[PDB]
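**Q** quick one, what's the 3D model for this:
(one chain, ligands or ions: 3)
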Amino acid sequence: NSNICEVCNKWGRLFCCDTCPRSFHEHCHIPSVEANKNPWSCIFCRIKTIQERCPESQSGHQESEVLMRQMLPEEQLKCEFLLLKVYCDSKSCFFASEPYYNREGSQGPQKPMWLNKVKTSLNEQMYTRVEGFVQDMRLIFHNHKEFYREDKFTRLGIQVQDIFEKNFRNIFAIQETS
Ligand SMILES: [Zn+2]
Ligand SMILES: [Zn+2]
Ligand SMILES: [Zn+2]
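**A** Numbers count the residues shown, from 1 in each chain. Ligands and ions are numbered 1, 2, ... in the order given. Below is the structure in question.
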């Protein structure tokens, strides 16, 4: 196995996947690494199994159809993995915890949002459709762009949104377009 966490790239108290060489901090994995379960398979492995059991699940889909899906176990897993892929980028630190807004010439967003809030919401089964999760994720970046205006810091929103959107197209097999 790897000797660093796949998500944050630090050593520490690591749980090792039994079916691949990845390792994780307890709360870096999503869902948090399960108490018992020998063997244990990480989220990467669980997602790969879905694809292998239903190869046709990789044919292209329309985003509008994916968003209306109910959050059954496979869609719950897919959103957890997508959230994890965002946390894998170090620039997610800016969006992880609860923000506050006091900048001359700007007003804070009406509906603040952050990664750890989305994480709790997924854990508590608060989303009934994929749309709920995707809306909250896109709201993080939209709030950031609106608040920071012309400050160059706005670019961090664009950057982390791009990681989100590329991973959303990959995980949910969104039909490729120009
Ligand atoms: Zn970690
Ligand atoms: Zn694995
Ligand atoms: Zn199938």
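
**Q** contacting residues for the spatially closest residue to residue 96 that is not a sequence neighbour?
**A** Distances taken as Cβ to Cβ, 6 or more residues apart in numbering put residue 115 closest to residue 96, at 4.6 Å, once the chain neighbours are dropped. Quick note: C-beta positions are derived from backbone N, CA and C, even for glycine. Applying Cβ atoms under 8 Å, 6 or more residues apart in numbering, we find residue 115 in contact with 83, 86-87, 92, 95-97, 140.

**Q** how far away is residue 115 from ligand 1?
**A** According to Cβ to the ion, to the nearest Å, residue 115 and ligand 1 sit 14 Å apart.

**Q** so what does that residue look like in phi/psi?
**A** With angles defined as degrees, to the nearest 10, residue 115 sits at phi -60, psi -50.

**Q** hang on, the earlier thing: now a PyMOL select for only the buried ones of the contacts of residue 115.
**A** What follows is the PyMOL syntax selecting those of the contacts of residue 115 that are buried according to 16 or more other Cβ atoms under 10 Å:
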select buried, resi 83+86+87+92+95+96+140
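
**Q** take the contacts of residue 115 and write them to a markdown table, including distance to residue 6.
**A** A markdown table is the format used below for the contacts of residue 115 (distance: Cβ to Cβ, whole Å):
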| residue | distance to residue 6 |
| --- | --- |
| 83 | 14 |
| 86 | 13 |
| 87 | 10 |
| 92 | 14 |
| 95 | 19 |
| 96 | 17 |
| 97 | 21 |
| 140 | 22 |
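
**Q** which strand or helix spans residue 2?
**A** If you go by DSSP states H and E, residue 2 is not part of any helix or strand.

**Q** and the closest residue to it other than its chain neighbours, how far is that from ligand 2?
**A** Leaving aside its sequence neighbours, residue 2 sits nearest to residue 23 (Cβ to Cβ, 6+ apart; 4.8 Å). From residue 23 across to ligand 2, the span is 9 Å (Cβ to the ion).

**Q** domain assignment for the chain?
**A** Residue ranges for the domains of the chain, per curated CATH domains: 1-59, 60-178.

**Q** what is the end-to-end distance of the longest one?
**A** Domain 60-178 has its terminal residues 14 Å apart, counting by Cα to Cα, to the nearest Å.

**Q** got it, and stretch 116-130?
**A** 17 Å.

**Q** residues in this protein within reach of ligand 1, list them.
**A** 5, 7-8, 25, 28 (Cβ under 5 Å from the ion).
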